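Data first, discussion second: the structure below is written as structure tokens.
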Amino acid sequence: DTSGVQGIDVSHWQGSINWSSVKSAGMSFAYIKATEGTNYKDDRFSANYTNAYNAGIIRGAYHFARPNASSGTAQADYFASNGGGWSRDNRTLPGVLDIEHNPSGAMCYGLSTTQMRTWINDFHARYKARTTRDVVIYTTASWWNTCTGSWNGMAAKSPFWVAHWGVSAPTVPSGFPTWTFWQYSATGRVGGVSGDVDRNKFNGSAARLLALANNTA
Ligand SMILES: [Cl-]
Ligand SMILES: [Cl-]
Ligand SMILES: [Cl-]
Ligand SMILES: [Cl-]
Ligand SMILES: [Cl-]
Ligand SMILES: [Cl-]
Ligand SMILES: [Cl-]
Ligand SMILES: [Cl-]
């Protein structure tokens with residue numbers, strides 16, 4: 001759904017990005033990969049974070065979780081110290097916890113549903129202690145339901161960024177009251193980015209997006 005407030009998310013896979021072109025293409029926001037696990041740092045993060053801001057894009061950072069590698073508390077601190085920090089400046093979104101299918105091992109990272117709930121709660125608690133913000137959770141409905149056992153525990157704690165490509169509207173797990181961001185394509189096109197780009201829609205007005213960035217709503 002390309003209507004209303006639109007954005008993209010990128011990582012080093014997108015290479016060199018011309019953010020002024022992303023902005024002139026009509027994008028309002030972007031999430032940029034910063035860290036993964038305990039010691040991976042996206043090589044394009046600093047430049048993207050700087051250039052997106054200078055181009056006037058409301059932007060934030062995301063952490064790709066590896067729950068098997070360390071506690072939720074540990075990865076939240078790592079993220080907050082390496083790109084996930086937040087402060088009010090009209091252009092910084094609250095950080096994102098990208099927790100999804102394990103790319104190298106059991107899909108739920110060897111954690112029981114109860115341990116996974118604890119891990120996510122710990123990441124949220126530490127990220128909030130570090131930044132004052134409620135971390136945004138990026139995941140798929142399948143992963144959420146399977147690995148957390150259809151948990152409703154984050155409904156009042158974390159905005160939901162749902163990944164559901166190729167559908168007219170996203171399916172939302174019962175554990176979230178609604179979706180805040182929705183990644184509807186991983187094969188889009190946007191000026192300034194060469195090749196496939198992830199496209200996102202924000203569930204609300206331009207003012208609501210700014211309020212989310214500034215922590216006023
Ligand atoms: Cl289009
Ligand atoms: Cl364009
Ligand atoms: Cl860590
Ligand atoms: Cl694992
Ligand atoms: Cl918040
Ligand atoms: Cl529940
Ligand atoms: Cl909807
Ligand atoms: Cl497109």
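Amide H contacts of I8: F29, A30, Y31, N200, each under 5 Å away and 5 or more positions distant or on a separate chain (H built 1.01 Å from N in the peptide plane; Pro and chain starts excluded). In a reduced charge model with +1 at each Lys and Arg Cβ and -1 at each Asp and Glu Cβ, the chain shows a dipole moment near 420 debye about its Cα centre. In plain terms, the residue of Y109, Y62 with the fewest other Cβ atoms within 10 Å comes first and the most crowded comes last, giving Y109, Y62. Classify the range 155-211: rounded, prolate or oblate, from the alpha-carbon gyration tensor (a ≥ b ≥ c, eigenvalue square roots; a/c under 1.5 rounded; otherwise prolate if a/b is larger than b/c)? Oblate is the answer for the range 155-211, as a/c is 1.5 or above yet b/c matches or exceeds a/b. The Rg/Rh ratio for the chain is 0.93, where Rg is the radius of gyration of the alpha carbons and Rh is the Kirkwood radius. Cα centroids of the range 65-101 and the range 140-217: 16 Å apart. With contacts taken as Cα pairs under 8 Å and at least 6 residues apart, the chain reaches a relative contact order of 23 percent. In plain terms, the C-alpha convex hull of the range 18-68 casts an average shadow of 3.6 nm² when viewed from every direction.
A short reminder: the numbers here are calculations on the coordinates, not readings from a lab. Reconstructed Cβ throughout: ideal geometry from the backbone, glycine too, with neighbour counts over all protein chains shown.
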